[PDB]
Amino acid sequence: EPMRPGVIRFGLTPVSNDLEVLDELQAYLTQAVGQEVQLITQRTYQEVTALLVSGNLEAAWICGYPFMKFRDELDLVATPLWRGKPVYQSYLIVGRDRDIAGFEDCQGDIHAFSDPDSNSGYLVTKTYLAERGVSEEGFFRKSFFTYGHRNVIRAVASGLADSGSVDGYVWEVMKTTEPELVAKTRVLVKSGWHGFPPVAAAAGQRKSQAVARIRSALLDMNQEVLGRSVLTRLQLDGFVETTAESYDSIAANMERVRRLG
């Protein structure tokens, strides 16, 4: 009858030195949780989210958009803090020397999105379009998914995309780690503030021991040297407890896109 895995499984999607950060995060969570934690990476948000929703992961770091989409099947564990707050923006980016004044001038672009289930890499911009009565197929000459925010930036930097939609946290971090790459882009539009991508758990595992230990591992990550090392590399400050109401601005956009679709 019970169908337990051999280990605690923590899901995420892809993170420059990503192996170094992943190793440390895996070792930290193992050290904190008190037993082996395996990091399970999948390429897309809906793949990580479905694994979580089916109880095939004990927790996962997902986007607020899929979190709110599967809100009744999932519980929030903790939210990251960046620049002192559990919030971030979507940046609509163009080439550094592109002469244009605003978003409306991106009509006819080739546009790079990150993932159809990304708040900052799809939804926010999809909201801009829907508010103006258009979809990506109508407004742009082409759009595609890069399946990563670093890739959106590279797509715009290289000229394959005229414009892109990116996580503004990612853009700011890369500005410091790959400055010559990010200097080939510039921020055309910054969105409003949304809840930072949270760690969530299947709603059935609410009071489970693995979830409780994961949660403390996140909230106490600043109190251990290896935990601090992970936070430093991600340029994050820690994790805090939030409730679903922190994600209301995301749900509101989801509804605009539906209402107006």
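Residues carry their position along the shown sequence, with the first being 1.
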query	finding
Size class of the missing deposited segment between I250 and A251	none
Segment of higher mean CA temperature factor, 93-101 or 157-165	93-101
Segment of higher mean CA temperature factor, 201-209 or 55-63	201-209
Maximum C-alpha temperature factor, selected from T232, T49, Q35, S216	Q35
CA B-factor placement of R71, once the chain's modelled residues are sorted into thirds	highest
Chain-wide C-alpha B factor ranking for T177, given as lowest, middle or highest third	highest
Position of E131 among the chain's modelled residues by C-alpha B-factor, lowest, middle or highest third	highest
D109 by Cα B-factor - lowest, middle or highest third of the modelled chain	middle
